[PDB]
Structure formats: C-alpha cells, structure tokens
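First comes one chain, alone, set out as structure tokens in the form deposited in one PDB entry.
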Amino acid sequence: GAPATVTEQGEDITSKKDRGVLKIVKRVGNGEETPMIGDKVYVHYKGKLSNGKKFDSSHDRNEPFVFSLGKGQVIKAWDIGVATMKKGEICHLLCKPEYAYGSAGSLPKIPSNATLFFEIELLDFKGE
C-alpha cells in the first residue's frame, strides 16, 4: 500500500529528523521555484487515515483547497511538506500525529494518535 511505500522510500523532511513527515515525489513539477512563507497556495489533495476508513478529496468538491503557507492554517506536516514542492508537483506525505492532530485528535472526525496519509498536487502559488 501507498503508506508503506512512503515508509520505505520516503525522504524525512523534518528539521529534527524524527521521521514525523515522510515524502516521495510521484510527479516532478516545473522549474526550481518552491513557495515562500505567506504565499497563497492552491492544491488538490486526497487524504486518509493511514490504517483507517476515513477518506477526503478536494477533487470531489470541484475546488482547489487554498491556504496561506507557513502561517499555521493547516497541520504542521503541510506547512513543512508544501514548502518543498514545485508547481505541478505531486507528492505523497505520511504524517505522524505529532505533525497532524496529536494525542487529542479532533473528534468525532479524527481519532487520537492518528497517522495521516496525503497525496498532494501543487497547482499554483502566488505572493500575498
């Protein structure tokens, strides 16, 4: 399964090197440019609990998910992982609960100590 493949081949992109956020590039994006803190970022994604029956996709709602990079508007794994991406890149991300919703989780939807998996496509980014 895709989560096991990130475990095996995924680069640790954390500062602390605690494997809390693992990344594999599934499709290479354009040029060299990666987004800056405060850039307005547009993505499509697919998210699920790593071993769990909860699945969420922006493709469903026919609208890119938009947020402000590095400002704590998303879980930590995403502030870390999306800052590494190029435009048009698709990556897989495996996120320990430390970089997601933690010991608390976010009930009823997200349980305690949940490891999350994402496929993220970076569509665009532009300066705020």
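What we label the rigid core is the largest C-alpha set whose atoms superpose within 1.5 Å from one form to the other. The numbering used is simple: start at 1 and walk along the sequence shown.
Query raised in the report: Do the Cα atoms of 5-13 stray more than those of 113-121 in 4 other deposited structures of this protein, or is it the other way round, with the core held fixed?
Result: When 5-13 and 113-121 are compared in 4 other deposited structures of this protein, 5-13 lies farther out.
Requested in this report: Name the stretch that deviates more in 4 other deposited structures of this protein: 55-63, or 87-95? Use RMS CA distance to the shown form, core superposed.
Outcome: When 55-63 and 87-95 are compared in 4 other deposited structures of this protein, the bigger C-alpha shift is seen for 55-63.
Query raised in the report: Looking at the entry, does 11-19 or 114-122 show the higher mean C-alpha B-factor?
Result: It is 11-19.
Requested in this report: For the higher mean C-alpha B factor in the entry, choose 24-32 or 76-84.
Outcome: Per the PDB record, 24-32.
Query raised in the report: Which is it among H92, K53, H44, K40: the one with the largest CA B-factor in the entry?
Result: Comparing C-alpha B-factors across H92, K53, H44, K40, the maximum falls on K53.
Requested in this report: Using the B-factor values recorded in the entry, state whether the Cα atom of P64 falls in the lowest, middle or highest third among the modelled residues of its chain.
Outcome: Middle third, going by the recorded CA B-factors of the chain.
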